[PDB]
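Below is target-v2.cif, which holds mmCIF, N, CA and C atoms.
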```
data_work
#
loop_
_atom_site.label_atom_id
_atom_site.label_comp_id
_atom_site.auth_asym_id
_atom_site.auth_seq_id
_atom_site.Cartn_x
_atom_site.Cartn_y
_atom_site.Cartn_z
N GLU A 1 128.24 26.21 24.44
CA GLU A 1 127.08 27.09 24.45
C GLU A 1 127.06 27.97 23.20
N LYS A 2 126.66 27.38 22.08
CA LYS A 2 126.59 28.11 20.82
C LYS A 2 125.58 29.25 20.90
N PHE A 3 126.10 30.47 21.02
CA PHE A 3 125.24 31.66 21.11
C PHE A 3 124.75 32.08 19.73
N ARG A 4 125.54 31.77 18.71
CA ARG A 4 125.18 32.11 17.34
C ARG A 4 123.80 31.57 16.98
N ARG A 5 123.45 30.44 17.58
CA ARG A 5 122.15 29.81 17.32
C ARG A 5 121.01 30.76 17.66
N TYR A 6 121.24 31.62 18.65
CA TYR A 6 120.23 32.58 19.08
C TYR A 6 120.19 33.78 18.14
N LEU A 7 121.31 34.06 17.49
CA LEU A 7 121.41 35.18 16.56
C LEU A 7 120.69 34.87 15.26
N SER A 8 120.63 33.59 14.91
CA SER A 8 119.98 33.15 13.68
C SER A 8 118.47 33.02 13.89
N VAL A 9 118.08 32.34 14.96
CA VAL A 9 116.67 32.14 15.27
C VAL A 9 115.95 33.48 15.43
N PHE A 10 116.68 34.49 15.88
CA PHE A 10 116.11 35.82 16.07
C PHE A 10 115.58 36.38 14.75
N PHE A 11 116.15 35.92 13.64
CA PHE A 11 115.74 36.37 12.32
C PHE A 11 114.59 35.52 11.79
N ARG A 12 114.73 34.20 11.91
CA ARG A 12 113.70 33.28 11.45
C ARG A 12 112.37 33.53 12.16
N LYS A 13 112.45 34.03 13.38
CA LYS A 13 111.26 34.33 14.17
C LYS A 13 110.35 35.30 13.44
N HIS A 14 110.95 36.32 12.82
CA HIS A 14 110.20 37.32 12.08
C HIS A 14 110.16 36.99 10.59
N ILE A 15 111.33 37.00 9.96
CA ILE A 15 111.44 36.71 8.54
C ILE A 15 110.76 35.38 8.21
N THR A 16 111.34 34.29 8.69
CA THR A 16 110.80 32.96 8.45
C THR A 16 109.51 32.74 9.23
#
```
Can you give me the file's structure in the form of structure tokens?
Amino acid sequence: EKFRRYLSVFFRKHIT
């Protein structure tokens, strides 16, 4: 259960 994946997407959601 890679949680880090959620920590990255959280940025791309706004930034990207």
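In this structure, atom N of residue 15 (chain A) sits 24.7 Å away from atom N of residue 1 (chain A).
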* By how many Å are atom C of residue 4 (chain A) and atom C of residue 16 (chain A) apart? -> 16.3 Å
* Asked: Which residues in chain A does DSSP call alpha helix (DSSP H)? List them as number ranges by chain.
  -> A: 4-12
